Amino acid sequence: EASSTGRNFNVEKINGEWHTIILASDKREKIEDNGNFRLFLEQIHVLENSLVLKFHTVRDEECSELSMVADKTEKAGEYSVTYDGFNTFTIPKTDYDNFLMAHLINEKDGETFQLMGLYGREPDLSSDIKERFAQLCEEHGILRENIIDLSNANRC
């Protein structure tokens, strides 16, 4: 297990397929049925100073491809991407082969909100990992009512 902000982090290892398992935010509407941030990650392609992120959005079961590139910032293990405002994110924890936890801060017109996600190499993860994710969300001030499990709706 490693953190993108640590020194033993090997970016190249998060390359490949991933799935959105759980999404959480202190701004629930952002990840609800019609939210701009209810994104289902499909793949991460690691570049020297960037990350190519491929997702799909869903509207009444219809899926649409979406891609974007996040660039490294001045801070180690942190990336930024423009999407409905300015976003910076880090990877507080991942084991490379099974799960990945992300933490993002969005700033738009003086307004801010944070989003945290749990991603898996498989379309679902154990309840222990999910609970461990819920505990990290708590530490960031995000309550369970604002945590949404999408493991049963992440496929097209």
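So that there is no doubt, residue numbering starts at 1 and follows the sequence shown.
The stretch with the higher mean CA B factor, choosing between 101-109 and 115-123, is 101-109.
Averaged over CA atoms, B-factors in the entry run higher in 5-13 than in the other of 137-145 and 5-13. Within the selection 131, 60, 95, 42, the deposited Cα B-factor values reach their highest point at 60. Residue-level temperature factors show residue 90 in the lowest third of its chain, judged at the C-alpha atom.
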